[PDB]
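What follows is each chain in one-letter form.
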Amino acid sequence: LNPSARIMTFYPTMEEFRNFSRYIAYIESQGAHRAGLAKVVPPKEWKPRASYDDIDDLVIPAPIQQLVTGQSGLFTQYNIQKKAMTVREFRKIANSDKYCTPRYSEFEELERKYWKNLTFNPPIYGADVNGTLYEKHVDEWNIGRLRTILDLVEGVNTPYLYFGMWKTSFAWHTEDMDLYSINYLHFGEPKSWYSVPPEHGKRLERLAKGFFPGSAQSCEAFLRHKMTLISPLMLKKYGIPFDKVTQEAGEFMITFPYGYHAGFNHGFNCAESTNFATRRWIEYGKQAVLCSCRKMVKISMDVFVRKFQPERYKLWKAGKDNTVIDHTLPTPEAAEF
Ligand SMILES: [Cl-]
Ligand SMILES: [Zn+2]
Ligand SMILES: [Zn+2]
């Protein structure tokens, strides 16, 4: 199942789509998790909100100006927190001559423009806005209430909004605690993604440590700072396997445990995201290498070990748990498929 570890796209029917956790387990039986990223195109009839015409006065409390430094495909992104602005103000700046998307034929052209110009004219990313664009009655794939085993913890169970503009980027990273994530592009211009299969994640980390040794000495898990940008050409040069995909409005992206991802926004858009878990994640949770230098998201794995692994509970607390994760294996919940 998926030996190539290539990004898979799924087109569930309304019946298949209704049960989120079951569908995550189905895509895993198909080997989608091997890529570390999957796309899910929901049924045509499904909409999480009737219209996005009432969000002009929605406040983005901490928009960030993204300053990128670097050359030859290696970059460091610095965030400058700007004062609170409304979606109306943000959209005006996003669509202005200074910050709008350049003209292009194919995506390859826009991708070249992104890697050529990411250090110039720093954009503003309306990122990490606490909130949802989902209407209350929406029961299918509601990011605000997915009801996975992650709910056992209960502030990383909560939804976040991302208002993008051309050239805004998310640096190479896996999720906090090496969790899964769900990303829905509500509206606007596309969002392009790069992924490194979980089975090759250590190779990406080794490459990154070699390039930023100062950062590697200060923090073992320095990629969790979400400041490191590495071009696909650099990954190709050093033999890091990866894949790319463009997410369009109305599509979901799923990131899997220990799936490194990066990317950028084509223009003015809005995405919603949260983290979630499956029984498979638990092991990734106990083995996750965390950021040491920052006082960072940490989940106590005790609750999850005493419920789903009670046989290994005593051995793990003693430090005798020598379990080696096989990234190719699907979640136990995929057994029905
Ligand atoms: Cl809008
Ligand atoms: Zn992410
Ligand atoms: Zn750190």
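Procedures and definitions
- For each chain, numbering begins from 1 and proceeds through the sequence as written. The entry may number the same residues differently, and residues missing coordinates are not shown.
- Here every chain gets a letter starting at A, and every ligand a number starting at 1, in the order they are written.
- Side-chain measures were taken over the full set of non-hydrogen atoms in the model, leaving aside hydrogen atoms and water.
- Residues with missing side-chain atoms are left out of burial classes, side-chain pairs and their counts.
- Strands pair, by our definition, only if DSSP identifies at least two bridges between them.
- Secondary structure elements are defined from DSSP: runs of H or I of at least 4 residues count as helices, runs of E of at least 2 residues count as strands, and each element is numbered from the N terminus.
- UniProt positions are given in the numbering used here, feature names are shortened, and annotations may be inferred rather than shown by experiment.
- Residue contacts are defined here by distance: any two heavy atoms, one from each residue, within 4.5 Å place the two residues in contact.
- Contacts described as polar in this section are N or O atom pairs within 3.5 Å, which, within protein, must combine one atom able to donate a hydrogen with one able to accept it, while residues neighboring in sequence count only if both atoms come from side chains.
- Note on geometry: axes are lines fitted to C-alpha atoms, helical ones only across the stretch in contact, with angles between N-to-C directions running from 0 to 180 degrees.
- We define a salt bridge as a contact between a side-chain nitrogen of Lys or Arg and a carboxyl oxygen of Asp or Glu at a distance within 4 Å.

This entry, as listed in the PDB, derives from X-ray crystallography and reports a resolution of 2.38 Å.

Asker: What exactly am I supposed to notice about the pairing of strand β11 (residues 191-196) here?
Answerer: Side chains on a regular strand alternate between the two faces of the sheet. For β11 and strand β13 (residues 243-247), the ladder comprises five bridges, and the chain directions are antiparallel. The residue of β13 that forms the bridge with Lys191 is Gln247. Where β11 meets strand β15 (residues 260-265), six bridges bridge the pair, whose relative direction is antiparallel. Looking across to β15, one finds that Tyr194 is bridged to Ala262.

Asker: What is the right way to look at the UniProt feature "binding site: 2-oxoglutarate" in the protein chain in this model?
Answerer: UniProt feature "binding site: 2-oxoglutarate": in the numbering of this structure it lies at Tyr125, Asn183, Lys191 and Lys226. With respect to the helices and strands, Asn183 occurs in strand β10 (residues 180-188). Filtering out sequence-adjacent residues up to four positions away, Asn183 remains in contact with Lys191, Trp193, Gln247, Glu251, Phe252, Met253, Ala271, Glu272 and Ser273. Looking at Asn183, its side chain comes within polar contact range of the side chain of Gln247, at 3.1 Å. As for its position among the elements, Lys226 is in the loop between α6 (213-218) and β12 (228-230).

Asker: Explanation requested: the sheet that holds strand β4 (residues 64-71) in the structure shown.
Answerer: Across a sheet, paired strands are connected by hydrogen bonds in the backbone, their directions being either parallel or antiparallel. Strand order in this open sheet of ten strands is β1-β2-β14-β10-β16-β8-β7-β4-β5-β12, and the pairing throughout is mixed. Only two strands of the sheet have a single neighbouring strand rather than two, namely β1 (8-10) and β12. The average angle at which neighbouring strand axes cross in this sheet is 25°, direction not considered.

Asker: Which parts of the structure should I look at to understand the pattern of salt bridges?
Answerer: Of the charged contacts in the structure, one is a salt bridge between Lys39 and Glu251, with a shortest N-O distance of 2.9 Å. Of the charged contacts in the structure, one is a salt bridge between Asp54 and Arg49, with a shortest N-O distance of 2.8 Å.

Asker: Which parts of the structure should I look at to understand the pairing of β10?
Answerer: Relative to strand β16 (residues 269-276), β10 runs antiparallel, the two sharing eight bridges. From the neighbouring strand, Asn183 faces β16, where its bridge partner is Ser273. Here four bridges tie β10 to strand β14 (residues 252-255), and the two strands are oriented antiparallel to one another. Considered in β14, the bridge of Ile182 is made with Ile254.

Asker: Just checking my understanding: could you explain the environment of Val153 for this structure?
Answerer: Topologically, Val153 is positioned in the loop between β7 (124-130) and β8 (160-164). Spatially, the C-alpha atom of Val153 lies 35 Å from that of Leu67, the residues being 86 residues apart in sequence. Those residues in contact with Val153, other than ones at most four positions away along the chain, are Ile299 and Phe304.

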